[PDB]
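Here's the structure we're looking at; comments come further down.
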Amino acid sequence: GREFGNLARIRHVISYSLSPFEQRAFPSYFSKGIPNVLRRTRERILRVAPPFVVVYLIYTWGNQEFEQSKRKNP
Amino acid sequence: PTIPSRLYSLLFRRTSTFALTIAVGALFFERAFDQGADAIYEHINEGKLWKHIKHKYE
Amino acid sequence: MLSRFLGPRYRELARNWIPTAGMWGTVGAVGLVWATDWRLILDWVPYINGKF
Amino acid sequence: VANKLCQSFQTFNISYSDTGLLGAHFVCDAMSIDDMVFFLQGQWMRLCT
Amino acid sequence: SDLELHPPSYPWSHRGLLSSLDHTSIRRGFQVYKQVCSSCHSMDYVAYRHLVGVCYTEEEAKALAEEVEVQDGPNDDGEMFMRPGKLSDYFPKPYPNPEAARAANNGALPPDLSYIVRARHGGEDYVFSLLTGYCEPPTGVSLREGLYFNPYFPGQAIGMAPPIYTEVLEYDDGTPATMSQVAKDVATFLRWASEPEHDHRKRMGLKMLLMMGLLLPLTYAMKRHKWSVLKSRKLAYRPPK
Amino acid sequence: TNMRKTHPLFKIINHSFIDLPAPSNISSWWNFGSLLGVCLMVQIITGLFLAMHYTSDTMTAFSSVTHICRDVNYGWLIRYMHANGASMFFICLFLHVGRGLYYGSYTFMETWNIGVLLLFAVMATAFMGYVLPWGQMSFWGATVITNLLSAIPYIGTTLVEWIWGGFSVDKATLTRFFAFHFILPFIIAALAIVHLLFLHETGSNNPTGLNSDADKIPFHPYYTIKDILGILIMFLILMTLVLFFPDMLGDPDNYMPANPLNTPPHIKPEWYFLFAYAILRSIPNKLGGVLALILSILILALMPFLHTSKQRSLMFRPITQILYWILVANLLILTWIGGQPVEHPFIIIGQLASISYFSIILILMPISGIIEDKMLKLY
Amino acid sequence: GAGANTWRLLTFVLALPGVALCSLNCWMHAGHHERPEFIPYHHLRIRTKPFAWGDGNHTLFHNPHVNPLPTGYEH
Amino acid sequence: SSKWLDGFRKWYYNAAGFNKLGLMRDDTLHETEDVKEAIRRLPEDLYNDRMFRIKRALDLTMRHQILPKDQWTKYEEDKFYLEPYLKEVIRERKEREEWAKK
Ligand SMILES: CCCCCCCCCCCCCCCCCC(=O)OC[C@H](COP(=O)(O)OCCN)OC(=O)CCCCCCCCCCCCCCCCC
Ligand code: HEC
Ligand code: HEM
Ligand code: HEM
């Protein structure tokens, strides 16, 4: 059914692979990892962050308004 | 004849010898790790644990 | 009814598989005495005799 | 033959100056391929053990 | 008063992640509880055998339990009878039932103190601020007689008379029994009473942290190996045109 | 010849975990699904070792739990990993549902519906388990939420007398809640088997949302060791949450004995219910609040019919990504508001939060989908 | 064996774990007892010349809690 | 519509981000019966190009990488290869549905 052997139909594609026993598991870890982390967060930060920024704003304003409301009126 | 070749050959190459290596290393790691973590814990809590003040009350 | 394995080839297979099965039995015995903390063998060993 | 896996298989030893390729080569249909690899490797391990 | 003062953070000896309790302070706090706090408060879930190996030795806790009468029974003739205590006995209740405790304490019920730093927001900080925060009531508010003003009690009206002052008891090890020292010792003992497993938990956590810091890069390395067969893979395309 | 493909018991394991084709590009989020299964086993195992000492009686339930902590060997360890494993179970469950929403995994409608059945079952199981230790918060939370479940006219009062087994929460309720709390994880395990069975007819989804049949890899050894690494990371988080902060997520008011005449100043459920609680009290009508809680949890079931884009994942939809993260932010605000008392300004914030939650799920996301469809010159 | 790899293994197994173990062990040993009683023998704490830096009686790496002065300890 | 809508279309094409995986627009369409039939009706050259682009995108999203900026699919050079086939399949399905109505 959904086993290997009849999943799709691919023609004219060549793939090259190495052994895991003769290539490094951490090939240029920091020197190529830090720029891709900055690239990924630069691609996603303007979609993710400002809702949580306004969450922090509402949280602080609600705490301040609650402590003001418990405070009496001289 | 080099040391990593013989360490692979007589310890890592056979799977039963691999498991014997893992079991003996597990026993020695238990003893050494228990000693090290106990020593770290008694040094961080120097004079606070009961065994540090057990001698005062015989 | 186990008369199918009476020949030189199965004896050859047997003497091939003596050391591997013996080493697996050694692994099983060491793992059993390691997991159970059995006091018969663990008193015969130098470094592990520290908590007794 | 019993499992109707292969169309053909063939072992080889190929030698050049202090190097060479030692192994097997088979042609079969798609649905058999994985099984035969297992069987082929098992045969090698039998010769190893 | 609806607004409530919060207790501050005191720099306890066991405040840190790997710092255990001070067992000498547990011993002194148990002496404080036995001499002072056991008259009105109960610790039904703690026994005399729990003190062995923590702050008292075997014969010490045996004598300290033997100096307590425990109502054993029923007898062969069919009655209750007083007996000297033993190590398997729990701490004795001050009252046989909560309503007698209410009758002896102006209606208010003194709570059981086995979990009282696990049942309050602040814990031992709250207990220290309650015991050391007694003061005369401010103006405007005029509370009822037999109540006491405590800004840390929620509602600021406690039915407990202040039990702590300088030299309310003695210390066998030679410690100045001040107000703050006695309150600190009894707060340490109450933290031990709520969590008798605290030091063993922190030791097991230290072993957990070291073992996980060993195990995580190795398992990550195994993942990077068995996936680095795929992450260096290159694909090509051969269109026939 | 081989037992992996011909033996009828090993054939199932090979078809589900060994030679199963999986997408080659799925991120760490997919590991959460296997983590959920592991949490289930952990809970079940730890639950069994709580059941060897727990006594379901109102006189001796709190005392039995204290005896587990103080006298049973390592019993404090088992109790606190059961509690924090329930919390970790709900964390992994929430991230599993968020993965389902973001990457368009609700188009597997049968898998999605067996999922929301599983979610209902685990919420009820955690509810009755929290009633079980019989503290102040257990008794009062059970009384509050079951009494508001009684709000249906002519039907709800007989149902609440039948659920309680008496006039209010008593020993019959505690014992039947123990029986239900024990037996519900096995229906949960069987439903997870059906969940996986309904998944495996079509295969997993990938973050791009495309047909991954052009590039698929076996589950072994790749996702085997990936899920092992996820299990190790989860056990780091769980054992840090037990051995260092055992009651940071807990509530201290559950450590007093259940006094039926001691109403606490605040009454809350656990944190993983709290958002629905803040949708509960956002409407000043009891039928409206209970039915709105039902819609707030069944809008996940309504979700596969609210999909309008010709794409599937949100990876190439930035506006709907923004609306999704506003929805997650709103859910966080709802959790904080449900933690808070019913005063100013929490009532208006909770009302606007629930209104925006239902508006974002129901209205704004199909509008954003059709806007992006028109924006990509296909509609 | 004509290889750098045995020295790489010997660094990463014997050398660096050994120095880490003795560093942690010295952190276990990092407890110093209280100062000795100031007894002024004439064969030490000598001053045949005032010192060439600063006060003339303080050494280069002087520490006021363990190192005495010929007048005595200082607080 | 003249000045910035085309500019906003270019900016949205850059912002959506399937161009930096080398994908075209019609590669990103989620399959239905209509899309699967339209893919089945494609000729061999466009089918093979589509499947290579899809598995290249899956390779790139495995390693959390993107193509170099010169290999990003250009907005003007993006061809809508599938949508006549998809429109024909949608039209004949609508014909079948309106016949089944009456
Ligand atoms: C035209 C925009 C141009 C932006 C240029 C930025 C600088 C570009 C040059 C530097 C590169 C920076 C990194 C680039 C990231 C990807 C591209 C980008 O900038 O995208 C902009 C991003 C997504 O773009 P798009 O979806 O078109 O925006 C619609 C706006 N809603 O959109 C955004 O970032 C805007 C997100 C706004 C979100 C506002 C949410 C407000 C409401 C939150 C409510 C939360 C709940 C509150 C409680 C409710 C109940 C009381
Ligand atoms: C008899 C005079 C008592 C003495 C001796 C001690 N306590 Fe007490 N305590 C008593 C009463 C009647 C009450 C109830 C107060 C009320 O108004 O309801 C209490 C209460 C406490 C509490 C709980 C406070 C809370 O906010 O819940 C604590 C933590 C407490 N008491 C501590 C405590 C300690 C440590 C004592 C020994 C020094 C002690 N109390 C003695 C009555 C009496
Ligand atoms: C009881 C808790 C649950 C368990 C044990 C569970 C188990 C699993 C498992 C093992 C998988 C396969 C691994 C994976 O892809 O992550 C999976 C996938 C999935 N589950 Fe669950 N699940 C649970 C809750 C839910 C819920 C509540 C939903 C519905 C919101 C859901 C919907 C899905 C979907 C849609 C997938 C497909 C993943 C994809 O292809 O994208 N699950 N689940
Ligand atoms: C068949 C498996 C299970 C059994 C036998 C079981 C049994 C128990 C028992 C006896 C208790 C009371 C003991 C105590 O409170 O420490 C308990 C508590 C609890 N259980 Fe379970 N449980 C099981 C599965 C689960 C699952 C799957 C969840 C998560 C949904 C869960 C969540 C809880 C919670 C939250 C508590 C309260 C913890 C607390 O005291 O704060 N249980 N369970």
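Structure data summary
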| quantity | calculated |
| --- | --- |
| Search result, residues across the range E:167-182 that are touching a helix residue (DSSP H, G or I) at 6+ places or on another chain (Cβ under 9 Å) and under 22 Å from B:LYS56 (Cα atoms) | E:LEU169, E:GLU170, E:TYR171, E:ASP172, E:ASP173, E:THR175, E:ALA177, E:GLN181, E:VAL182 |
| Members of the range F:239-256 that are surrounded by fewer than 20 Cβ atoms within 10 Å (Cβ to Cβ) and of a type in the set (A, V, I, L, M, F, W, C) | F:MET239, F:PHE244, F:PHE245, F:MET248, F:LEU249 |
| Qualifying residue in the range E:132-153 (condition: surrounded by fewer than 18 Cβ atoms within 10 Å (Cβ to Cβ), over 23 Å from the mean Cα position of the chain (by Cα) and either within 16 Å of ligand 1 (Cβ to nearest atom) or within 14 Å of chain F (Cβ to nearest Cβ) (or both)) | no |
| Subset of the range E:162-194 (residues that are away from ligand 2 (no atom under 12 Å from the Cβ) and under 12 Å from the mean Cα position of the chain (by Cα)) | E:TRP192 |
| C:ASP43, sole failed condition from (1) more than 13 Å from chain B (Cβ to nearest Cβ); (2) over 15 Å from B:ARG31 (Cβ atoms) | (2) |
| From the options E:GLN35, E:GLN31, residue that is surrounded by fewer than 16 Cβ atoms within 10 Å (Cβ to Cβ) and not acidic (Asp, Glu) | E:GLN35 |
| Matching helices (runs of 4 or more DSSP H) fully within the range F:274-344 where at least 3 residues are within 30 Å of E:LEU3 (Cα to Cα) and not basic (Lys, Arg) | F:274-280, F:318-339 |
| Residues of the range H:39-65 satisfying the condition of being in contact with a helix residue (DSSP H, G or I) (Cβ under 8 Å, 6 or more places away or on another chain) and away from chain F (no Cβ under 12 Å) | H:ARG41, H:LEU42 |
| Conditions (1) in a loop (DSSP other than H, G, I, E, B); (2) within 11 Å of chain A (Cβ to nearest Cβ): number failed by F:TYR379 | (2) |
| The range F:106-135 residues that are closer than 14 Å to F:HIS82 by Cα and within 14 Å of another protein chain (Cβ to nearest Cβ), paired with ones that are in a helix (DSSP H, G or I) and more than 16 Å from ligand 2 (Cβ to nearest atom) (beta carbon under 6 Å, 6 or more apart) | F:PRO133/F:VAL65 |
| Some residue of the range F:44-57 being buried (at least 21 other Cβ atoms within 10 Å of the Cβ) and touching a residue at least 60 places away in the same chain (Cβ under 8 Å) | no |
| Residue that is farthest from F:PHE244 (Cα to Cα) [pool: residues in the range E:14-51 that are of a type in the set (A, V, I, L, M) and in a loop (DSSP other than H, G, I, E, B)] | E:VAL36 |
| From the options A:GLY5, A:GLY62, residue that is more than 20 Å from H:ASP59 (Cβ to Cβ), assigned to a loop (DSSP other than H, G, I, E, B) and at the interface with another protein chain (Cβ under 7 Å from one of its Cβ atoms) | A:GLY5 |
| Among residues of the range A:8-39, those that are outside any loop (DSSP other than H, G, I, E, B), more than 9 Å from chain E (Cβ to nearest Cβ) and aliphatic (A, V, I, L, M), counted | 3 |
| Some residue of the range E:170-189 being of a type in the set (A, V, I, L, M) and closer than 30 Å to F:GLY75 by Cβ | yes |
| Residue check for H:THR32: under 12 Å from the mean Cα position of the chain (by Cα), of a type in the set (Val, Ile, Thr) and more than 17 Å from A:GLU43 (Cα to Cα) | no |
| Lone qualifier among F:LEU352, F:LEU362 - being within 30 Å of F:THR208 (Cβ to Cβ) and either assigned to a helix (DSSP H, G or I) or away from ligand 3 (no atom under 16 Å from the Cβ) (or both) | F:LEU362 |
| Every residue from the range G:23-52 that is more than 30 Å from B:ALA39 (Cβ to Cβ) and surrounded by 10 or more Cβ atoms within 10 Å (Cβ to Cβ) | G:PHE38, G:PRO40, G:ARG45, G:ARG47, G:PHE51 |
| Qualifying residues in the range B:16-58 (those that are within 14 Å of chain C (Cβ to nearest Cβ) and touching a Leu at 6+ places or on another chain (Cβ under 8 Å)) - the one farthest from G:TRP27 (Cα to Cα) | B:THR17 |
| Single condition F:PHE198 does not satisfy, out of (1) part of a helix (DSSP H, G or I); (2) loosely packed, with under 14 Cβ neighbours inside 10 Å | (2) |
| Qualifying residue in the range E:69-90 (condition: more than 16 Å from ligand 1 (Cβ to nearest atom), touching a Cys at 6+ places or on another chain (Cβ under 8 Å) and in the same structural domain as E:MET160 (by CATH)) | no |
| A:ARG42, sole failed condition from (1) facing another protein chain (nearest Cβ under 9 Å); (2) closer than 30 Å to F:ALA214 by Cβ; (3) not in a loop (DSSP other than H, G, I, E, B) | (1) |
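A quick note on method: Cβ atoms are made from the backbone with ideal geometry, for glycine too, and the neighbour counts reach across all protein chains shown. All of this is worked out from the model, or read from it or from the source named; no laboratory read-out is quoted.
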